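K.L.:
Here is the input, now give the coordinates:
(chains A and B)
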Amino acid sequence: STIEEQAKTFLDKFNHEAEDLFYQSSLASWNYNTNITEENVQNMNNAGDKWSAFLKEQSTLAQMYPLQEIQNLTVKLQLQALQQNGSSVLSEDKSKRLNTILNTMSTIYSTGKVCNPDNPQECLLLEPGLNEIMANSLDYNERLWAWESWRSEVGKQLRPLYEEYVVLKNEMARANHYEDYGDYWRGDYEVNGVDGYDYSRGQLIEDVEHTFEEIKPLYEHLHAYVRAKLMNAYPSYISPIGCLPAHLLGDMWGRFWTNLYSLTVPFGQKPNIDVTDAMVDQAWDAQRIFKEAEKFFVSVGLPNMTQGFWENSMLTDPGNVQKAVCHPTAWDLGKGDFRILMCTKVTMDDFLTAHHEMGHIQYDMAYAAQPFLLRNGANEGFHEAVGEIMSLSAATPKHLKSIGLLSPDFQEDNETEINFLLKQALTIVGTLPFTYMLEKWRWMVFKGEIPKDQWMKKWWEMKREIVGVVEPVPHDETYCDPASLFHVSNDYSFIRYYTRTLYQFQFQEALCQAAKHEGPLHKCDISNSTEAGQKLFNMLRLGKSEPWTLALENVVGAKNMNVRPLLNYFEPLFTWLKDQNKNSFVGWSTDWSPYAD
Amino acid sequence: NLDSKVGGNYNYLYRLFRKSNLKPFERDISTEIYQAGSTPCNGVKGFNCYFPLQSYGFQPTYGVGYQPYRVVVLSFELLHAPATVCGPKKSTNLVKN
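P.N.:
Residues are numbered from 1 along each chain as shown, chains lettered A, B, ... in the order given. See below for the structure:
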């Protein structure tokens, strides 16, 4: 008779129906990604629309069960996502045009290309074509031609499409009783219903701002180290107290600095750790790469992989007859069906990638006992963070000497470890200011604090303050930098990259303290230690059924994000960068411009 | 390797909802619509009216743990009737003298 009995009955039947259609919807996308056919493209749209319209029909009966009469926490969380009507709150005209803008911006990004200024006949697409050239290009003009001319036909063309994207998504949050669309992505961290563990949505703005303050002294020493290496090439354009050009960051948007690791090597007289040449002599194939990584999950106490996982894996691309996407992705269908689509070659990166791709599958096995509505990560940052901490322990020299990749006589000292910590810093340390910059810019534009004319005015102004990057050619309001980005144009969460770095280092420090490892943190290895896997398995099976602030306390003992593991793991590198930057100026100024002298 | 086929098998169903718990050794084939709340149903699907029978998805691609298992349950009951069924016997060799 109570509402709780009626709400639980609706959730018991919905978990079965939603799980059956989601499996066929994910299976249709699997057959389309592994094989390109005219039958699979129609099955993906058919099975995709049946599952999409299924949540819309069940949302009508979900709003008829108020959460005020439900005293159960697990019931209100299952009805939290079903209470939202999605795009049904928008008007019929705005709902149909919303999917059009998303499909148009995604098509222009895929079909966009920049023709060679020297060769007007040859026109190369961005991915892979332009993304590959910008990596190894050392030329000043060649990098500027691809970087500047892209946003001319893309950033300027997507501006009227981006203006409509802001207006349509703001009307959805207003009907959902949200302050703005920027608050919608902050609702994933929302926690209510438990005394003392409540987490406000507006708290994330102060959290990412306060944790970034302690990141500055670590980032300023690394930014000055990279600038000192590239100063001798162009001393006129690159000022010691100034900022680095935007096109020289190693790729189009400057997401990762790993492309610059070649010229930034502190010591070139010492060998580097590489497992590529070691796997060639051992003669290993794609079958034993996942097999050796499966034993890594057994040594920590985690269950092994099912027979259907290794049998259904796709280990290569059979030519152009049957084409599959080589971008590594872990696809979770349902009911114990786990598959991964990746093109596996023999490289040092594919070894660490195998631990990352199998980390998502191993992560899904813990909470798989939960209902379909309760199967998910506690937030958007925990998805990729679980797979990264598995690869960090594999990249250590201790784990490489265990299975025989690295020779046991290899000398491990400060000169070898500082070279390894610098490669990870370019991917990690360089990501945090860039992710905090673009995400905070979206929150300010979606809120309305920045007029449409000041989008680019505040973009490059706040860019020299955060990441210390100035544009070689000044741009007007016609260009839009985030419009060309993969995550913004495809409507994917851009905040998950900033919080992931803080979550993965907390887990790295906690697991090494449980297994009683001594010394620096980058020397830690979680293999053969079953004590750390038991403490982590308790949180992995919770998912989002419990508050992420409560599940985080059961591992690291912290109720929020903390920079202490970020500084300690980078402490050996921070001490070396401080001594090398004494001859240079630590920090940068925002008043310097390459075209303003 | 037998029941599961490509595309799914909807022939095998199960009773998801019932007003109470079944008694030992009881079989209920009633298809009557389950009523969760006080809202009248009268065999019509709607609010607080759910069709109890649900389908088992059967394909070879599902994980090993959720694969369907054919279960044969033998009920052993000793009544006051004369015993008939017994275990197998054994015959040995015959010797004389």
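
K.L.:
make it CA atoms for all contacts and neighbour counts henceforth
P.N.:
Will do.

K.L.:
what's the neighbour count on the residue in chain B positioned nearest to chain A?
P.N.:
When scored by C-alpha to the nearest C-alpha, chain B has residue B:63 as its residue closest to chain A, at 4.2 Å. Using other C-alpha atoms under 10 Å in any protein chain shown, residue B:63 has 17 neighbouring residues.

K.L.:
which ones are touching the residue nearest to it when sequence neighbours are not counted?
P.N.:
Spatial nearest neighbour of residue B:63, excluding adjacent residues (C-alpha to C-alpha, 6 or more residues apart in numbering or on different chains): residue A:336 at 4.2 Å. Under the criterion of C-alpha atoms under 8 Å, 6 or more residues apart in numbering or on different chains, the neighbours of residue A:336 are A:368, B:62-66.

K.L.:
what's the answer for residue A:83, then?
P.N.:
A:59, A:62-63.

K.L.:
Which ones among the residues you listed map onto helices?
P.N.:
Secondary structure defined by DSSP state H assigns A:59, A:62 of these to helices.

K.L.:
Now intersect the contacts of residue A:336 with the helices, please.
P.N.:
Per DSSP H, the contacts of residue A:336 never map to helices.

K.L.:
and residue A:330, that's in a helix?
P.N.:
No: Residue A:330: not assigned to a helix; according to DSSP: H, G, I helix; E, B strand; the rest coil it is strand.

K.L.:
residues touching it, list them.
P.N.:
A:339-341, A:357-358, A:360-361.

K.L.:
Tell me where the chain has strands.
P.N.:
Assuming you mean chain A. Listed in chain order, the strands of chain A (DSSP state E) span A:113-115, A:123-125, A:244-245, A:329-334, A:337-341, A:469-470.

K.L.:
Chain B, not that one
P.N.:
Going by DSSP E, chain B shows strands at B:13-15, B:34-35, B:49-50, B:53-55.

K.L.:
Using CSV, lay out those strands together with mean neighbour count.
P.N.:
Shown next, in CSV, are the strands of chain B (neighbours: other C-alpha atoms under 10 Å in any protein chain shown):
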stretch, mean neighbour count
strand B:13-15, 12
strand B:34-35, 21
strand B:49-50, 21
strand B:53-55, 16
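
K.L.:
Output those strands as TSV; include the columns distance to chain A.
P.N.:
Shown next, in TSV, are the strands of chain B (distance: least, C-alpha to the nearest C-alpha, whole Å):
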stretch	distance to chain A
strand B:13-15	11
strand B:34-35	10
strand B:49-50	8
strand B:53-55	8
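
K.L.:
mind putting the ones you listed in TSV, distance to residue A:245 included?
P.N.:
Shown next, in TSV, are the strands of chain B (distance: least, C-alpha to C-alpha, whole Å):
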stretch	distance to residue A:245
strand B:13-15	65
strand B:34-35	68
strand B:49-50	63
strand B:53-55	61
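
K.L.:
Out of the ones you listed, which gets nearest to residue A:452?
P.N.:
Among the strands of chain B, the nearest to residue A:452 by C-alpha to C-alpha is strand B:49-50 (51.1 Å).

K.L.:
what packs against that closest one?
P.N.:
With contacts taken as 3 or more C-alpha pairs under 8 Å, 6 or more residues apart in numbering or on different chains; DSSP states H and E, strand B:49-50 sits against strand B:34-35.

K.L.:
Run a quick neighbour tally on the nearest residue to residue A:401 once chain neighbours are set aside.
P.N.:
Spatial nearest neighbour of residue A:401, chain neighbours left out: residue A:408 (5.9 Å); criterion: C-alpha to C-alpha, 6+ apart. Number of residues near residue A:408 (other C-alpha under 10 Å) recorded here: 12.

K.L.:
Appreciated, that's everything.
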